[PDB]
Amino acid sequence: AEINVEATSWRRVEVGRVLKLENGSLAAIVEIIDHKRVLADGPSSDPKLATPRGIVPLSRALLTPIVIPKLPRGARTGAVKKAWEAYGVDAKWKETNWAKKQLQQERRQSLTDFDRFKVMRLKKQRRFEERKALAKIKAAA
Amino acid sequence: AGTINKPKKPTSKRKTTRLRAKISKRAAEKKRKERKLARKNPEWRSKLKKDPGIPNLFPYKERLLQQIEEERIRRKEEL
Amino acid sequence: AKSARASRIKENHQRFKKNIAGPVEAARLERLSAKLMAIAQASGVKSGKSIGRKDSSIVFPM
Amino acid sequence: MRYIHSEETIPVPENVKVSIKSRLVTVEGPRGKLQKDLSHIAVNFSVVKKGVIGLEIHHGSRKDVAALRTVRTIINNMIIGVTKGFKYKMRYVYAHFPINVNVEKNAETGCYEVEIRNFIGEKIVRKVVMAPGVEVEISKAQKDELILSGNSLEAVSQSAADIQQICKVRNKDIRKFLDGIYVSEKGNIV
Amino acid sequence: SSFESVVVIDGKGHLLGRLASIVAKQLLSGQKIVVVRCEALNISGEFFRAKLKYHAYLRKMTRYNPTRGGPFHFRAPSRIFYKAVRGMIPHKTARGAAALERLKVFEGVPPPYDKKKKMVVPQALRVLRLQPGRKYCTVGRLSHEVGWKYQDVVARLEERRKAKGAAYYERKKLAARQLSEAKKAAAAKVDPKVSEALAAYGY
Amino acid sequence: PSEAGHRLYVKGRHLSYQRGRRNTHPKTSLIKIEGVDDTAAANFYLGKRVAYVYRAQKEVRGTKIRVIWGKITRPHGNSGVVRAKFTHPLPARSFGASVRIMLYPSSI
Amino acid sequence: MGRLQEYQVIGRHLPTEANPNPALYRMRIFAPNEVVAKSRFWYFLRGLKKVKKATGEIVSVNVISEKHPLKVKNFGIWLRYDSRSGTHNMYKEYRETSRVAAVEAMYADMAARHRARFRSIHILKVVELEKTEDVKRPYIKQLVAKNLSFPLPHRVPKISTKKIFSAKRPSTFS
Amino acid sequence: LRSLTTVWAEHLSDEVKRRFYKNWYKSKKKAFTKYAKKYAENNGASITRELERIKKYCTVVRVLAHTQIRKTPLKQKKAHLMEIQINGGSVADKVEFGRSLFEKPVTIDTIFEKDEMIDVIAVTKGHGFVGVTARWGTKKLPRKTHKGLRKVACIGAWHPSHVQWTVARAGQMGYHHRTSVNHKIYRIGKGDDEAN
RNA sequence: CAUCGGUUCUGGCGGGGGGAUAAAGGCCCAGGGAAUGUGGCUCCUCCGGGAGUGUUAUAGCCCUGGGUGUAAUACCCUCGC
RNA sequence: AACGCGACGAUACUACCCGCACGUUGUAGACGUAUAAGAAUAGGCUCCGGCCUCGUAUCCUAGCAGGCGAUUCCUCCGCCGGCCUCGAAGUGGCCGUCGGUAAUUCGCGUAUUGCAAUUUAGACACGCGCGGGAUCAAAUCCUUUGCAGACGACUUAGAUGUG
């Protein structure tokens with residue numbers, strides 16, 4: 001009996017699933033109300049990732065691969081925080097490819113005009129030498 | 001029916017002012033006539049309406065009847 | 001009576017076309033084509049082998 | 001109400017191989033292979049166990065949940081078709097004019113064609129073409145019997161229905177004129 | 001909100017009314033709009049409902065003379081989209097005509113729009129608007145049943161265009177790969193101060 | 001040589017006048033500025049000068065190009081559409097015409 | 001019907017030489033504000049004890065906040081509403097963290113499913129289910145089940161309405 | 001369908017050259033003169049390019065054929081030219097067949113055969129301006145009808161307040177293009193046969 | 001353009017008062033309780049995980065009272081820049 | 001479609017084509033007016049390592065509206081010629097020549113438009129000019145015809161001939 005099934009695998013909301021909100025804050029599920037509202041708590045010490053405990057809608061939230069294992073259902077702020085610095089959610093969130101992309105976005109939006117001109121000129125250095133490399137690979141084959 | 005390949009004449013939903021005014025006049029006459037028949041109505045009506053009661057699926061209904069009996073006994077003792 | 005657009009009459013005509021008049025028309029066709037063929041037989045840029053360009057618009061004029 | 005989760009199970013035999021990609025179910029067995037596209041129903045296919053297909057639906061309605069049973073039965077019918085096959089046997093009876101039935105296999109299509117003649121003395125020849133993969137044979141153990149076999153239950157039963165429906169008595173009393181071809185027995189090849 | 005010289009929209013997977021409203025607003029605002037592949041356009045609801053609508057539209061004609069003044073029934077998918085667009089535009093005004101002359105609609109993707117970038121409109125996409133389980137129909141299929149003769153010609157032209165686009169796809173994949181090893185090989189010869197400053201700024 | 005542009009203004013499209021469903025007041029015009037989508041984004045451009053540039057037939061004082069000038073007065077609605085007041089009301093033929101919103105007077 | 005705050009409204013009849021200390025009456029009102037709270041309290045006083053606003057007065061109005069707004073709770077609601085047939089009972093169950101949110105959701109769903117407005121709905125009891133065994137409706141029984149974890153199929157991505165044109169086809173998988 | 005190219009022969013007659021002119025007696029007869037030089041320059045590279053183009057891009061091939069009008073007793077000297085489709089075979093076969101048929105007379109007996117049932121395309125005899133009675137077969141009004149009896153009494157008695165397109169009116173009758181079908185050929189007689 | 005005056009649109013900031021001197025909640029102290037049974041123990045298996053026991057253990061949760069606390073914050077009112 | 005389209009032949013001139021020389025020439029409206037897979041959305045992409053809310057991206061973008069001269073680099077762009085190629089309303093790929101070119105650094109000029117006044121700058125079509133290259137044509141009125149016809153219109157014939 002050989003079975004080859006190629007299908008989809010959604011990230012699944014569960015107690016301990018970590019959500020990213022639109023403001024950059026991070027939270028974790030502590031209790032499931034319904035399929036459109038959840039109870040989430042962000043105990044992170046970093047203020048940018050902090051989220052006050054309360055109800056958030058799933059439409060107002062995203063899905064991250066971080067899940068806190070063995071997190072009790074309905075755990076309060078102290079227990080969720082003990083699990084949070086037990087698991088190191090902040091470090092894994094920084095290692096995820098999303099937080100790099102938003103951090104790169106503030107590194108774009110915080111630029112001065114002098115910073116933009118420096119970006120232009122350093123990019124021109126990199127593109128000149130990349131065009132030289134491009135000539136070497138194109139000449140080889 | 002052959003409605004898909006050969007449709008018939010459409011039914012217009014665009015109301016006319018004459019029809020709207022006539023319908024409004026008949027409607028107001030109907031409320032006035034129902035008021036007159038309610039005033040002249042000889043059908044018997046109860047002084048106290050039929051109470052619907054308490055739903056059976058209510059989980060604390062037995063507790064509510066406990067408080068009902070307790071309050072009735074307390075009122076009887078007070079009176 | 002059945003119409004000219006009747007499905008049964010159309011199927012009868014299709015069977016007639018495939019089974020009866022078909023070989024007759026094919027034999028006449030091949031003999032006429034034989035007579036007509038009998039009468040008929042009785043660089044890339046510089047040579048024209050390569051199809052080059054000859055010697056209202058769909059796009060917005062910009 | 002909207003159902004949070006609903007699941008169904010499909011057992012698979014050891015000789016049957018199942019491939020599911022973009023809801024295109026391929027079921028391969030000893031007798032051949034069958035293909036069926038099921039992209040019109042929102043269903044999650046999974047491997048919950050060795051030899052068990054899991055059908056799942058999330059946040060669906062009652063009709064969407066009830067479609068899973070139809071999906072299960074079609075998949076099980078494909079499995080039964082590639083494993084044991086499907087066989088419909090029909091009988092044809094006549095009162096006075098013997099029905100002359102002839103079965104041939106067209107080379108350029110690969111499909112079977114059945115010609116029926118002398119149906120209540122009619123001079124027309126009724127030609128019915130089977131679906132591909134359906135084999136028609138004259139039974140030799142019994143009298144006036146056609147046997148249709150294949151891997152697709154829908155195709156075999158539809159060909160049997162077409163053979164039954166091509167011989168319809170017209171403008172006569174059906175209590176008196178009993179002529180026709182009728183599907184008698186349904187089962188598996190093995 | 002971005003001003004372009006001309007915006008090319010693939011008609012595949014779009015909804016007729018919503019796409020028509022959006023492009024009509026763009027045309028009346030002053031944006032030049034070209035819509036290609038109107039045969040793959042979608043209308044919600046079951047297909048027999050659209051058949052009812054088009055046959056009811058076929059019923060209308062001027063009684064005393066059908067050659068003038070009557071509703072002229074254009075059977076093409078692009079012309080049906082043009083009628084839907086025109087119904088949302090004051091076409092009997094000079095401004096309306098000057099907006100309608102900024103629109104072009106086609107079946108398939110005729111050249112040189114085959115070598116131009118095509119936009120999609122999220123507010124009119126079926127996968128972003130319709131609920132699952134709801135039926136949908138094809139404007140091309142409706143046109144083919146009501147008398148549009150050029151379904152198969154557009155089909156084979158789209159087949160050959162897709163073959164040529166596939167050829168351009170392996171060329172583009174080859175260029176993407178050799179650019180990737182070009183950047184990787186050049187990365188060794190990048191000045192480290194340039195690397196650190198560019199990484200700090202965000203590239 | 002330089003391959004750069006020289007644009008020091010921001011583009012816009014002139015939609016219509018201040019109007020109801022029937023009555024239209026050409027004393028105030030409606031503009032989309034390029035890249036603005038919100039009232040907060042449009043709040044930057046309040047008080048900025050705005051110029052509409054057109055061409056004529058005759059040659060007066062060394063130019064065949066005429067400019068009508070104005071300023072951005074207040075936001076309109078929620079989609080960043082702005083209201084503009086000019087020294088002369090805009091032509092009605094300019095519905096869909098491009099307009100130049102200046103960066104001055106600046107408060108930066 | 002709005003941002004409902006919940007009020008304890010206590011009133012009484014005006015003092016008289018015959019009755020120097022009249023009996024006090026307290027009700028729990030779900031109202032948009034204090035004016036509607038007093039108005040509905042007087043309306044129910046006419047309906048029950050026949051005490052008028054001219055002959056009575058309001059002694060106390062207090063805002064009752066939830067003890068635990070951060071705790072997910074199940075609410076059972078016993079209600080009477082008026083339709084063209086007459087008066088009807090319903091028992092319904094909801095899942096919210098506060099009585100005010102439970103009552104607002106009850107209003108919204110009651111209007112959506114049976115076309116009842118505020119003046120045609122009478123709230124009799126709103127009780128917090130102390131145990132999960134008391135839950136009766138299957139759509140709340142499925143939410144209070146063991147280890148409930150579900151996916152989110154076909155989520156339309158968030159695209160700004162002012163972003164009219166997109167350069168790629170969006171995905172609906174997250 | 002859209003015509004991509006046409007390929008012309010090197011030598012063409014004066015009777016088919018007359019088809020391109022209205023005042024041929026005053027004309028210098030310069031038609032096709034520079035085109036005949038394209039059969040000479042570059043060994044026909046241009047005409048070979050059109051032949052390769054027509055072999056590659058097109059799917060329907062039609063020869064151009066003109067009738068020899070000088071063999072008829074008609075006073076006309078300008079010939080009749082049409083497009084005749086080549087059916088059967090591939091596009092390359094059609095192009096090679098047409099190129100072989102250039103500057104060549106094809107008789108009637110190799111296109112059509114005795115016992116063949118064909119279609120006839122022609123123009124109806126003209127009658128000029130004709131009234132409704134002969135134009136539509138309408139019933140004549142009784143004798144001494146006021147304002148005429150070879151007419152239609154009611155062109156309209158009902159709404160619309162217009163004359164409908166289906167009401168019989170007087171006008172041109174005849175000189176219509178007509179395509180009649182199912183015409184049997186009884187004989188294809190030969191001109192050189194003195195007993196045809 | 002700057003400084004003004006009248007009318008008006010918009011944005012931000014610093015304080016005060018009230019409610020259950022908000023209600024929460026965080027950290028401690030003292031009690032009481034249960035399973036959508038944690039750890040542990042027993043029994044089955046596809047060895048993946050299931051069934052039984054119960055009061056915190058190798059997770060925690062609910063109720064009451066007290067301290068921090070005249071805490072902060074939401075909401076309403078209110079003084080100005 | 002008499003305000004839809006294609007192919008072909010002959011095209012006298014002030015007609016046609018090429019070069020530059022500019023428009024008190026006109027344009028529902030240039031200012032980087034840059035960017036080609038197809039397909040699915042209860043699934044996709046790949047360099048086969050992995051990746052996917054996100055175009056918030058990529059390319060290009062510095063110099064008298066962008067000069068002159070070096071240092072330095074072999075990068076980018078454009079015009080031509082050749083070979084291919086592109087028919088859905090036809091255009092791109094490679095090679096060769098030529099010309100320009102801050103990727104690095106430096107030197108001389110910028111003023112005076114006087115504290116803002118469009119930054120007159122692009123494309124298409126049109127016209128007047130020269131200096132050249134190529135070509136010497138048709139239609140209508142008139143006479144005639146009757147396969148046509150109220151008149152127009154239509155079928156014909158009128159240049160040396162089977163008139």
# chains A, B, ... in the order shown; residues from 1 in each chain; ligands from 1
>>> closest_atom_pairs(of="chain F", to="chain I", cutoff="9 Å", atoms="only C-alpha atoms (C1' of nucleotides)", output="CSV")
residue,atom,partner,partner_atom,distance
F:40,CA,I:11,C1',8.9
F:43,CA,I:10,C1',7.9
F:74,CA,I:9,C1',7.4
>>> residues_around(residues="range 58-62 of chain D", least_positions_apart="6", cutoff="7 Å", atoms="only C-alpha atoms (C1' of nucleotides)", output="CSV table (one decimal) with C-alpha atoms, in the first residue's frame")
chain,number,residue,atom,x,y,z
D,2,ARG,CA,-20.2,26.1,10.8
D,3,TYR,CA,-18.4,22.9,11.7
D,4,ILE,CA,-14.9,23.4,13.1
D,5,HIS,CA,-13.6,20.0,11.9
D,6,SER,CA,-14.9,16.9,10.2
>>> interface_residues(of="chain G", to="chain D", cutoff="9 Å", atoms="only C-alpha atoms", output="JSON list (two decimals) with N, CA, C and O atoms, in the first residue's frame")
[["chain", "number", "residue", "atom", "x", "y", "z"],
["G", 138, "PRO", "N", -24.49, 23.03, 20.39],
["G", 138, "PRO", "CA", -23.31, 22.41, 19.76],
["G", 138, "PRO", "C", -22.26, 23.40, 19.28],
["G", 138, "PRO", "O", -21.07, 23.05, 19.26],
["G", 139, "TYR", "N", -22.64, 24.62, 18.91],
["G", 139, "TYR", "CA", -21.65, 25.57, 18.41],
["G", 139, "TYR", "C", -20.81, 26.17, 19.53],
["G", 139, "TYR", "O", -19.84, 26.88, 19.23],
["G", 142, "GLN", "N", -18.54, 22.70, 20.61],
["G", 142, "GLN", "CA", -17.39, 22.47, 19.74],
["G", 142, "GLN", "C", -16.23, 23.39, 20.10],
["G", 142, "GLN", "O", -15.08, 23.08, 19.78],
["G", 143, "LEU", "N", -16.51, 24.52, 20.75],
["G", 143, "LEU", "CA", -15.46, 25.45, 21.12],
["G", 143, "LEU", "C", -14.88, 25.15, 22.50],
["G", 143, "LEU", "O", -13.73, 25.52, 22.77],
["G", 150, "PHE", "N", -7.25, 24.45, 15.16],
["G", 150, "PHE", "CA", -7.78, 24.39, 13.81],
["G", 150, "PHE", "C", -6.95, 25.26, 12.88],
["G", 150, "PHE", "O", -6.34, 26.24, 13.33],
["G", 151, "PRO", "N", -6.89, 24.93, 11.59],
["G", 151, "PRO", "CA", -6.22, 25.81, 10.64],
["G", 151, "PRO", "C", -7.13, 26.94, 10.18],
["G", 151, "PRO", "O", -8.29, 27.06, 10.59],
["G", 152, "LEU", "N", -6.58, 27.79, 9.32],
["G", 152, "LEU", "CA", -7.29, 28.94, 8.75],
["G", 152, "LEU", "C", -7.20, 28.89, 7.23],
["G", 152, "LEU", "O", -6.36, 29.58, 6.63],
["G", 153, "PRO", "N", -8.02, 28.08, 6.58],
["G", 153, "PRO", "CA", -7.94, 27.96, 5.12],
["G", 153, "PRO", "C", -8.50, 29.18, 4.40],
["G", 153, "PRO", "O", -9.50, 29.76, 4.81]]
>>> select_by_dssp(residues="range 104-141 of chain E", states="helix (DSSP H, G or I)", output="PyMOL selection string")
chain E and resi 113-115+122-124+126-129+139-141
>>> interface_residues(of="chain D", to="chain C", cutoff="12 Å", atoms="only C-alpha atoms", output="PDB file with N, CA and C atoms, in the first residue's frame")
ATOM      1  N   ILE D 124     -33.944  -0.786 -39.194  1.00  0.00           N
ATOM      2  CA  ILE D 124     -32.805   0.048 -38.834  1.00  0.00           C
ATOM      3  C   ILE D 124     -31.835  -0.759 -37.975  1.00  0.00           C
ATOM      4  N   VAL D 125     -30.566  -0.369 -38.012  1.00  0.00           N
ATOM      5  CA  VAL D 125     -29.521  -1.001 -37.218  1.00  0.00           C
ATOM      6  C   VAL D 125     -29.102  -0.017 -36.136  1.00  0.00           C
ATOM      7  N   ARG D 126     -29.297  -0.398 -34.876  1.00  0.00           N
ATOM      8  CA  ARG D 126     -28.947   0.465 -33.756  1.00  0.00           C
ATOM      9  C   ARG D 126     -27.496   0.234 -33.363  1.00  0.00           C
ATOM     10  N   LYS D 127     -26.671   1.270 -33.488  1.00  0.00           N
ATOM     11  CA  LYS D 127     -25.253   1.163 -33.173  1.00  0.00           C
ATOM     12  C   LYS D 127     -24.956   1.975 -31.923  1.00  0.00           C
TER      13      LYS D 127
END
>>> residues_around(residues="range 107-120 of chain D", least_positions_apart="5", cutoff="7 Å", atoms="only C-alpha atoms (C1' of nucleotides)", output="list in words")
residues 97, 98, 99, 100, 101, 102, 125, 126, 127, 128, 129, 130, 131, 132, 135 and 136 of chain D
>>> write_last_selection(atoms="N, CA and C atoms", output="PDB file, in the first residue's frame")
ATOM      1  N   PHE D  97     -39.749 -11.716 -33.089  1.00  0.00           N
ATOM      2  CA  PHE D  97     -38.631 -11.383 -33.958  1.00  0.00           C
ATOM      3  C   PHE D  97     -37.333 -11.471 -33.174  1.00  0.00           C
ATOM      4  N   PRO D  98     -36.442 -12.406 -33.503  1.00  0.00           N
ATOM      5  CA  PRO D  98     -35.209 -12.566 -32.718  1.00  0.00           C
ATOM      6  C   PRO D  98     -34.259 -11.395 -32.926  1.00  0.00           C
ATOM      7  N   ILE D  99     -33.779 -10.843 -31.820  1.00  0.00           N
ATOM      8  CA  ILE D  99     -32.848  -9.723 -31.862  1.00  0.00           C
ATOM      9  C   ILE D  99     -31.463 -10.247 -32.214  1.00  0.00           C
ATOM     10  N   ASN D 100     -30.889  -9.726 -33.293  1.00  0.00           N
ATOM     11  CA  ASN D 100     -29.550 -10.104 -33.722  1.00  0.00           C
ATOM     12  C   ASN D 100     -28.568  -9.058 -33.217  1.00  0.00           C
ATOM     13  N   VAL D 101     -27.756  -9.439 -32.237  1.00  0.00           N
ATOM     14  CA  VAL D 101     -26.785  -8.543 -31.624  1.00  0.00           C
ATOM     15  C   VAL D 101     -25.395  -8.966 -32.091  1.00  0.00           C
ATOM     16  N   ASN D 102     -24.567  -7.984 -32.435  1.00  0.00           N
ATOM     17  CA  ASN D 102     -23.209  -8.233 -32.892  1.00  0.00           C
ATOM     18  C   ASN D 102     -22.264  -7.223 -32.257  1.00  0.00           C
ATOM     19  N   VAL D 125     -30.566  -0.369 -38.012  1.00  0.00           N
ATOM     20  CA  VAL D 125     -29.521  -1.001 -37.218  1.00  0.00           C
ATOM     21  C   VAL D 125     -29.102  -0.017 -36.136  1.00  0.00           C
ATOM     22  N   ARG D 126     -29.297  -0.398 -34.876  1.00  0.00           N
ATOM     23  CA  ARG D 126     -28.947   0.465 -33.756  1.00  0.00           C
ATOM     24  C   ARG D 126     -27.496   0.234 -33.363  1.00  0.00           C
ATOM     25  N   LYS D 127     -26.671   1.270 -33.488  1.00  0.00           N
ATOM     26  CA  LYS D 127     -25.253   1.163 -33.173  1.00  0.00           C
ATOM     27  C   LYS D 127     -24.956   1.975 -31.923  1.00  0.00           C
ATOM     28  N   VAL D 128     -24.418   1.311 -30.904  1.00  0.00           N
ATOM     29  CA  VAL D 128     -24.068   1.947 -29.640  1.00  0.00           C
ATOM     30  C   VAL D 128     -22.574   1.758 -29.416  1.00  0.00           C
ATOM     31  N   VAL D 129     -21.883   2.842 -29.079  1.00  0.00           N
ATOM     32  CA  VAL D 129     -20.445   2.808 -28.842  1.00  0.00           C
ATOM     33  C   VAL D 129     -20.190   2.922 -27.345  1.00  0.00           C
ATOM     34  N   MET D 130     -19.457   1.959 -26.793  1.00  0.00           N
ATOM     35  CA  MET D 130     -19.164   1.956 -25.368  1.00  0.00           C
ATOM     36  C   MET D 130     -18.116   3.002 -25.016  1.00  0.00           C
ATOM     37  N   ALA D 131     -18.026   3.300 -23.724  1.00  0.00           N
ATOM     38  CA  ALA D 131     -16.947   4.126 -23.218  1.00  0.00           C
ATOM     39  C   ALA D 131     -15.625   3.365 -23.322  1.00  0.00           C
ATOM     40  N   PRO D 132     -14.503   4.073 -23.465  1.00  0.00           N
ATOM     41  CA  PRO D 132     -13.200   3.393 -23.479  1.00  0.00           C
ATOM     42  C   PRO D 132     -12.925   2.679 -22.162  1.00  0.00           C
ATOM     43  N   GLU D 135     -15.412  -3.566 -21.858  1.00  0.00           N
ATOM     44  CA  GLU D 135     -15.400  -4.730 -22.732  1.00  0.00           C
ATOM     45  C   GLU D 135     -16.763  -5.409 -22.720  1.00  0.00           C
ATOM     46  N   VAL D 136     -17.278  -5.706 -23.914  1.00  0.00           N
ATOM     47  CA  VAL D 136     -18.584  -6.329 -24.093  1.00  0.00           C
ATOM     48  C   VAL D 136     -18.376  -7.703 -24.710  1.00  0.00           C
TER      49      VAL D 136
END
>>> closest_atom_pairs(of="chain G", to="chain A", cutoff="12 Å", atoms="only C-alpha atoms", output="tab-separated table")
residue	atom	partner	partner_atom	distance
G:68	CA	A:54	CA	11.3
G:69	CA	A:54	CA	8.6
G:70	CA	A:54	CA	6.1
G:71	CA	A:74	CA	8.0
G:72	CA	A:33	CA	6.8
G:73	CA	A:33	CA	8.6
G:74	CA	A:33	CA	9.4
G:94	CA	A:33	CA	10.0
G:95	CA	A:33	CA	6.6
G:96	CA	A:33	CA	7.4
G:97	CA	A:55	CA	8.8
G:98	CA	A:55	CA	11.5
G:101	CA	A:55	CA	11.9
G:139	CA	A:34	CA	9.6
G:140	CA	A:34	CA	8.7
G:141	CA	A:34	CA	11.2
G:142	CA	A:34	CA	9.5
G:143	CA	A:34	CA	6.6
G:144	CA	A:33	CA	8.5
G:145	CA	A:32	CA	10.4
G:146	CA	A:73	CA	10.6
G:147	CA	A:14	CA	8.1
G:148	CA	A:14	CA	7.2
G:149	CA	A:14	CA	4.9
G:150	CA	A:12	CA	5.6
G:151	CA	A:12	CA	4.4
G:152	CA	A:10	CA	6.9
G:153	CA	A:10	CA	7.1
G:154	CA	A:10	CA	9.6
G:155	CA	A:59	CA	8.5
G:156	CA	A:59	CA	9.4
G:157	CA	A:59	CA	9.5
G:158	CA	A:59	CA	8.8
G:172	CA	A:10	CA	10.7
G:173	CA	A:10	CA	7.0
G:174	CA	A:63	CA	7.0
>>> atom_distance(atom1="CA of residue 6 in chain A", atom2="CA of residue 171 in chain E")
29.0 Å
>>> interface_residues(of="chain B", to="chain E", cutoff="12 Å", atoms="only C-alpha atoms", output="list in words")
residues 2, 3, 4, 5, 6, 7, 8, 9, 10 and 11 of chain B
>>> write_last_selection(atoms="N, CA, C and O atoms", output="PDB file, in the first residue's frame")
ATOM      1  N   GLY B   2     -38.737  26.433 -20.891  1.00  0.00           N
ATOM      2  CA  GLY B   2     -37.671  26.924 -21.743  1.00  0.00           C
ATOM      3  C   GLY B   2     -37.294  28.358 -21.434  1.00  0.00           C
ATOM      4  O   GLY B   2     -37.179  29.190 -22.338  1.00  0.00           O
ATOM      5  N   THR B   3     -37.103  28.654 -20.147  1.00  0.00           N
ATOM      6  CA  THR B   3     -36.817  30.021 -19.726  1.00  0.00           C
ATOM      7  C   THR B   3     -35.399  30.430 -20.109  1.00  0.00           C
ATOM      8  O   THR B   3     -35.137  31.603 -20.402  1.00  0.00           O
ATOM      9  N   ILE B   4     -34.469  29.469 -20.117  1.00  0.00           N
ATOM     10  CA  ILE B   4     -33.057  29.791 -20.316  1.00  0.00           C
ATOM     11  C   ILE B   4     -32.803  30.268 -21.741  1.00  0.00           C
ATOM     12  O   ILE B   4     -32.172  31.307 -21.964  1.00  0.00           O
ATOM     13  N   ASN B   5     -33.310  29.527 -22.727  1.00  0.00           N
ATOM     14  CA  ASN B   5     -33.004  29.856 -24.113  1.00  0.00           C
ATOM     15  C   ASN B   5     -33.998  30.844 -24.707  1.00  0.00           C
ATOM     16  O   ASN B   5     -33.636  31.611 -25.606  1.00  0.00           O
ATOM     17  N   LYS B   6     -35.241  30.846 -24.231  1.00  0.00           N
ATOM     18  CA  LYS B   6     -36.267  31.776 -24.703  1.00  0.00           C
ATOM     19  C   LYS B   6     -36.959  32.429 -23.513  1.00  0.00           C
ATOM     20  O   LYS B   6     -38.027  31.984 -23.077  1.00  0.00           O
ATOM     21  N   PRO B   7     -36.370  33.486 -22.957  1.00  0.00           N
ATOM     22  CA  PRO B   7     -37.034  34.206 -21.865  1.00  0.00           C
ATOM     23  C   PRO B   7     -38.243  34.980 -22.366  1.00  0.00           C
ATOM     24  O   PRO B   7     -38.363  35.293 -23.552  1.00  0.00           O
ATOM     25  N   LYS B   8     -39.153  35.276 -21.442  1.00  0.00           N
ATOM     26  CA  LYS B   8     -40.370  36.006 -21.758  1.00  0.00           C
ATOM     27  C   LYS B   8     -40.201  37.492 -21.442  1.00  0.00           C
ATOM     28  O   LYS B   8     -39.096  37.985 -21.204  1.00  0.00           O
ATOM     29  N   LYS B   9     -41.316  38.216 -21.465  1.00  0.00           N
ATOM     30  CA  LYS B   9     -41.307  39.639 -21.166  1.00  0.00           C
ATOM     31  C   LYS B   9     -40.947  39.864 -19.696  1.00  0.00           C
ATOM     32  O   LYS B   9     -41.519  39.211 -18.814  1.00  0.00           O
ATOM     33  N   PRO B  10     -40.004  40.757 -19.399  1.00  0.00           N
ATOM     34  CA  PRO B  10     -39.592  40.958 -18.006  1.00  0.00           C
ATOM     35  C   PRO B  10     -40.664  41.642 -17.176  1.00  0.00           C
ATOM     36  O   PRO B  10     -41.491  42.405 -17.683  1.00  0.00           O
ATOM     37  N   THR B  11     -40.641  41.354 -15.877  1.00  0.00           N
ATOM     38  CA  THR B  11     -41.531  41.984 -14.909  1.00  0.00           C
ATOM     39  C   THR B  11     -40.830  43.223 -14.366  1.00  0.00           C
ATOM     40  O   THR B  11     -39.778  43.118 -13.728  1.00  0.00           O
TER      41      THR B  11
END
>>> select_by_dssp(residues="range 82-141 of chain G", states="strand (DSSP E or B)", output="number ranges by chain")
G: 82, 87-96, 121-128
>>> atom_distance(atom1="CA of residue 108 in chain E", atom2="CA of residue 126 in chain E")
19.2 Å
>>> closest_residue(among="E:37, E:18, E:63, E:164", to="chain H", atoms="only C-alpha atoms")
E:63
>>> interface_residues(of="chain F", to="chain E", cutoff="7 Å", atoms="only C-alpha atoms", output="ChimeraX atom specification")
/F:15,34-35,96
